[PDB]
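To start, the structure itself, in structure tokens.
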Amino acid sequence: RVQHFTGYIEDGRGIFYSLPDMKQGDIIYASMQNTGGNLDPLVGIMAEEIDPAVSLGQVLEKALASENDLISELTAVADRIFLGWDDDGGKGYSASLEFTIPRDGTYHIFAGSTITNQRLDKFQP
Amino acid sequence: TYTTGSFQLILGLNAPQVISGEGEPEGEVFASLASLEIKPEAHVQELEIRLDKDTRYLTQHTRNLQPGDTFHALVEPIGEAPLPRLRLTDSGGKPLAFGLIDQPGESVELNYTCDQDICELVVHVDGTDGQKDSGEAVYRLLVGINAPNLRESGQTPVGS
């Protein structure tokens with residue numbers, strides 16, 4: 001049971017996908033790859049649909065100084081927002097996630113872009 | 001002299017077609033790498049670097065790391081130069097580690113371990129905290145592979 005999607009991400013604006021009426025014991029598989037631009041994929045899953053932009057903005061605003069100023073902050077926020085997520089699992093910067101459905105219910109699949117650095121002269125997430 | 005380069009190895013068990021050099025893999029495996037059972041030797045390199053007014057950012061590239069290896073680094077200024085920032089990124093810039101300031105705040109250290117099959121690492125040293133023209137600040141950089149005693153090496157740079 002495999003489905004395909006294609007979309008476009010603009011300035012870190014995510015896209016939601018709904019998986020209605022899954023049953024207990026079901027295992028979900030996901031893979032997201034870059035087909036154009038500088039996109040770095042990020043995949044997350046959650047029970048109730050809520051915009052992750054507000055919290056990820058706080059992650060972006062703390063670009064001054066911290067212990068593991070980016071990676072630890074992003075991991076903490078992601079572990080709280082999503083029940084499962086994956087940043088880099090495939091070949092390169094592509095994502096690959098496996099998640100088993102705990103109970104009976106409907107869930108949502110979130111696709112978007114992570115916070116990365118693409119410069120060697122200075123650091124700018 | 002000896003020779004260097006890449007090679008392809010074909011090993012067979014009771015398959016006399018291997019010696020023809022066209023033996024396609026078959027069956028269940030019978031051999032594995034010997035290095036995966038244990039740990040190798042240490043390699044240490046020390047370099048002197050200077051951050052000029054227009055050269056406040058510097059990057060270096062490291063050789064390929066096998067899975068399971070460890071990486072260590074530390075920076076110590078020659079004199080009264082302020083402590084710069086230290087971080088570790090791959091060849092594409094993805095951050096992997098950040099430098100920690102020790103309680104005797106005169107050096108910054110870093111540590112990392114290898115998970116992927118091949119890892120290429122880049123070490124960033126930058127003192128662009130502001131726009132001050134401090135002048136001729138010079139620091140000592142010590143790096144090592146599978147060398148956790150970098151704090152007190154004692155031996156001269158060994159290995160490679």
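Just so it is clear: chains get the letters A, B, ... in the order the sequence lines come, proteins before strands, and each one is counted from 1. These numbers come from the heavy atoms of this one structure, side chains and all, not from hydrogens, waters or symmetry mates.
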Proximity breakdown for B/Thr128 and chain A, heavy-atom pairs closer than 4.5 Å:
neither
In terms of the angle between their ring planes, are B/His124 and B/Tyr57 parallel, tilted or perpendicular, with boundaries placed at 30° and 60°?
perpendicular
Give the member of A/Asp88, A/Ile71, A/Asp121 that has the highest number of heavy-atom pairs under 4.5 Å with chain B.
A/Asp121
Whatever's closer than 4.5 Å to a heavy atom in chain A on B/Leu96 counts as backbone
Report the C-alpha separation of B/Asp126 and B/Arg85 in whole Å, then their side-chain angles, then the decisive distance to 0.1 Å, and conclude whether the salt bridge (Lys or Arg N to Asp or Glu O under 4.0 Å) test is met.
CA-CA 6 Å; B/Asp126 68 315; B/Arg85 311 188 69 94; 5.3 Å; no
Which atoms form the tightest heavy-atom contact between A/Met22 and A/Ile28, and what is the distance?
SD-CD1, 4.0 Å
Heaviest contributor of heavy-atom pairs below 4.5 Å to chain B, chosen from A/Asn68, A/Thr116, A/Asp40, A/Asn117, is A/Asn117
With a 4.0 Å cut-off, would you call B/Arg140 and B/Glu48 a salt bridge?
no
